[PDB]
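**Q** Below: the sequence, then the experimentally determined structure.
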Amino acid sequence: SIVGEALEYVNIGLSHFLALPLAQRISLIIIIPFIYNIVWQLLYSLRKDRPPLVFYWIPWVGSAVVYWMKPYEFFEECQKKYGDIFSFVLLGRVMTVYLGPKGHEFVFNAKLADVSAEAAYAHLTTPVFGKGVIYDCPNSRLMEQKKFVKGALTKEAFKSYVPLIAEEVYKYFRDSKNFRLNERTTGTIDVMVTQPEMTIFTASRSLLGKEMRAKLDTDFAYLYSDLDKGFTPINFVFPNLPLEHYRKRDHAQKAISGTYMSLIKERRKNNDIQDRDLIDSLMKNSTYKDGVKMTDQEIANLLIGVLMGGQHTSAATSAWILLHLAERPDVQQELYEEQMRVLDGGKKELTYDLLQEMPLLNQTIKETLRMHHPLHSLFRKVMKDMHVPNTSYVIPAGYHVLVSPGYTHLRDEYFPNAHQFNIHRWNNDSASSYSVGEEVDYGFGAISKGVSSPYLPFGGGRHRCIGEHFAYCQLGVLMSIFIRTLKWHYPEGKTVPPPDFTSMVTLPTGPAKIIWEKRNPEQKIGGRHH
Ligand code: HEM
């Protein structure tokens with residue numbers, strides 16, 4: 001017995017390895033991880049306590065490419081091969097997807113100790129919003145921040161925001177080069193140009209107030225653009241490599257929060273603290289229950305976060321509404337009749353209460369949010385091994401879970417002819433959402449306990465959206481005025497564009513152009529302008 005003579009050759013083989021020509025060493029630096037990764041997946045598939053893992057050729061990268069470009073097609077293929085729960089590798093991360101209403105329950109209603117949203121999201125949002133708020137703080141702090149913000153999102157606030165938002169839409173029709181309704185009776189617009197502008201203008205005026213809205217008439221508006229460019233998915237992957245747009249982002253966060261603090265300190269200086277906007281509200285109502293006050297910097301940062309949370313969701317949504325309606329003059333016609341009925345042929349000024357008597361308008365918003373959920377995937381990082389009910393699967397800590405209610409929105413089983421835009425599928429069901437039973441309060445108000453609805457555009461559980469009613473108010477006013485003022489249609493041979501999922505906000509693929517025409521060519525919009 002001389003195995004020892006073989007152990008010598010292990011050592012010998014090792015030294016011959018280190019002496020390979022650089023050409024072959026490089027090749028082996030490639031081939032070894034490639035082979036190991038394939039061997040690893042084969043072994044992994046034998047485990048019974050793990051959901052099926054989607055096969056991938058390139059290590060670390062995983063299924064990133066296909067998930068990035070066409071996530072719903074990716075989900076549908078995986079769902080056919082493996083069923084509703086499956087994992088895939090995404091740039092060094094393992095993502096476990098749970099499709100359908102049971103998936104909604106598993107992720108949105110997960111125990112606070114099981115999963116973390118801030119662990120998934122903070123590296124992307126913290127540099128944009130600033131420190132101390134949203135995901136740069138314990139969940140209990142987030143809960144109270146949401147409570148604070150909801151305090152300026154009351155029915156009473158919406159009654160005051162509606163004429164403010166309407167003024168901004170009319171000003172945009174009057175003054176924007178995309179319209180100029182006093183000078184032109186027809187024109188062509190790119191809805192991915194107009195809607196972000198209309199969105200920030202209307203949200204600024206109502207949530208931040210007249211001063212902050214005035215700032216957007218200046219070069220200052222470009223900081224918002226800069227801040228926005230630091231909010232892309234490459235910041236998800238590489239949170240900070242010293243790139244140009246990273247620093248413009250940091251600069252913008254400091255400059256914009258600086259402007260908000262300036263106004264906050266000015267208002268406190270003059271005791272000019274009213275009930276006009278979210279700034280007034282947070283100045284009066286931002287003390288945590290342990291008695292610690294939000295700093296002025298944190299208040300400013302939270303303002304940025306709130307405006308940002310409403311910016312891309314709403315802008316994408318009003319863009320899709322215009323795009324679906326552009327090939328549906330029958331739906332424009334039907335919405336126009338409702339406007340004439342509810343507002344007495346235009347004789348009534350639009351109010352928040354009359355908005356609630358516009359079911360078809362609200363069903364249009366509801367249906368667009370069904371077909372175009374602006375966030376195709378929501379994430380949590382798994383913090384404790386999770387057992388998946390009625391399976392033998394365990395999702396270990398360190399994995400991520402991914403939930404996609406927008407995918408379920410597009411399934412025939414839950415919405416017949418799911419790829420058909422039909423506002424009447426919501427007849428006698430025009431509410432933005434509603435708790436279909438028992439409620440629960442995580443610290444920012446009573447919300448639905450069950451999150452099993454196949455329709456979940458605002459998510460659910462502790463991380464549930466609080467901007468839903470603001471969004472309906474904003475989109476409601478905006479679409480009410482579009483409908484009463486304009487008709488619109490596609491250029492010849494154009495139709496509803498397919499979604500672009502790469503910004504991870506489900507935008508229409510540009511350029512998404514429509515042609516508008518004034519319903520009343522001679523109608524003038526009053527007020528002064530240069
Ligand atoms: C069409 C409009 C909107 C849609 C579809 C939408 C969607 C969502 C969704 C799906 C979530 C949950 C994310 C998750 O669970 O990971 C969420 C959370 C949230 N959104 Fe919205 N949103 C919209 C508008 C707004 C507006 C207008 C605001 C502010 C005025 C806002 C602020 C927030 C906030 C503060 C959260 C809580 C985040 C958390 O607790 O982690 N959103 N939104």
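**A** Sure thing, it's come through. Numbers count the residues shown, from 1 in each chain.

**Q** the strands in this structure, which residues?
**A** For the chain, the strands defined by DSSP state E cover 85-90, 93-98, 115-116, 186-190, 378-382, 386-387, 394-395, 400-403, 439-441, 446-448, 486-489, 499-500, 507-508, 513-518.

**Q** Quick check: the residue of the stretch 51-200 of the chain nearest the ligand.
**A** residue 117 (5.0 Å; C-beta to the nearest ligand atom). From N, CA and C alone the C-beta is placed, and that goes for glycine too.

**Q** Next: the chain.
**A** The nearest approach of the chain to the ligand comes at residue 467, 2.1 Å away (C-beta to the nearest ligand atom).

**Q** so how many other residues sit close to residue 438?
**A** Using other C-beta atoms under 10 Å, the number of residues around residue 438 comes to 9.

**Q** Now for the nearest residue to residue 359 once chain neighbours are set aside: which residues touch it?
**A** Once flanking residues are discounted, residue 359 sits nearest to residue 430: 4.0 Å by C-beta to C-beta, 6 or more residues apart in numbering. Shown in contact with residue 430 (C-beta atoms under 8 Å, 6 or more residues apart in numbering): 359-360, 362-363, 366.

**Q** quick one on the thing from earlier: can you give me the neighbour number for the nearest residue to the residue of the chain closest to the ligand once chain neighbours are set aside?
**A** Distances taken as C-beta to C-beta, 6+ apart place residue 310 nearest to residue 467, at 5.1 Å, with adjacent residues excluded. Other residues within reach of residue 310, judged by other C-beta under 10 Å, total 20.

**Q** isn't residue 310 right up against residue 203?
**A** Yes - Residue 310 lies in contact with residue 203 (C-beta atoms under 8 Å); the separation is 5.5 Å.

**Q** Common neighbours of these two, please.
**A** Listed as contacting both residue 310 and residue 203 by C-beta under 8 Å, 6+ apart are residue 474.

**Q** and the gap between residue 32 and residue 38?
**A** Applying C-beta to C-beta, to the nearest Å, the value for residue 32 to residue 38 is 11 Å.

**Q** between those two, which one's more packed in?
**A** When neighbours are counted by other C-beta under 10 Å, residue 32 and residue 38 differ, and residue 38 comes out ahead with 14 against 10.

**Q** wait, what's in contact with that one?
**A** residue 57.

**Q** where along the stretch 101-250 of the chain do the helices fall?
**A** Ranges of helices in the stretch 101-250 of the chain, per DSSP state H, counting those that start in this stretch, are 101-108, 117-129, 139-150, 155-175, 191-203, 210-215, 221-229, 234-237, 244-269.

**Q** Now render the ones you listed as TSV, adding distance to residue 459 and mean neighbour count.
**A** Conversion of those to TSV gives the following (distance: least, C-beta to C-beta, whole Å; neighbours: other C-beta atoms under 10 Å):
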stretch	distance to residue 459	mean neighbour count
helix 101-108	6	22
helix 117-129	10	20
helix 139-150	12	20
helix 155-175	21	19
helix 191-203	20	22
helix 210-215	28	16
helix 221-229	22	18
helix 234-237	19	16
helix 244-269	25	16
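
**Q** Now tell me what touches stretch 384-393 from outside.
**A** 48-51, 85, 98, 106, 110, 113-115, 394-397, 401.

**Q** Out of these, which is nearest to residue 335?
**A** residue 98 (37.1 Å; C-beta to C-beta).

**Q** thinking that closest one is in contact with residue 109, fair?
**A** No - contact criterion C-beta under 8 Å: residue 98 and residue 109 do not qualify, at 11.7 Å.

**Q** which of the two has more neighbours?
**A** A count of neighbours by other C-beta under 10 Å puts residue 98 above the other of residue 98 and residue 109, at 23 against 16.

**Q** beta partners of the more buried one?
**A** residue 85 (DSSP bridges).

**Q** what sits against it?
**A** With contact taken as C-beta under 8 Å, 6+ apart, residue 98 is in contact with 84-85, 106-107, 388, 401-403.

**Q** From residue 363, how far off is it?
**A** Residue 98 is 29 Å from residue 363, by C-beta to C-beta.

**Q** Could you do residue 231 as well?
**A** In this view, residue 231 and residue 363 are 31 Å apart by C-beta to C-beta.

**Q** ditto for residue 299
**A** Distance from residue 299 to residue 363, by C-beta to C-beta: 37 Å.

**Q** What residues does the stretch 101-250 of the chain have near the ligand?
**A** Where the stretch 101-250 of the chain comes near the ligand, counting by C-beta under 6 Å from any ligand atom, the residues are 117, 142, 146.

**Q** The first one reaches residue 459, doesn't it?
**A** It stands for residue 117. No - the criterion here is C-beta under 8 Å, and residue 117 misses it with residue 459 at 10.1 Å.

**Q** Residue 8 - how many residues pack around it?
**A** For residue 8, the neighbour count with other C-beta under 10 Å is 11.

**Q** Over to the one 3 residues further on?
**A** For residue 11, the neighbour count with other C-beta under 10 Å is 9.

**Q** Over to residue 442?
**A** Per other C-beta under 10 Å, the neighbour tally for residue 442 reads 18.
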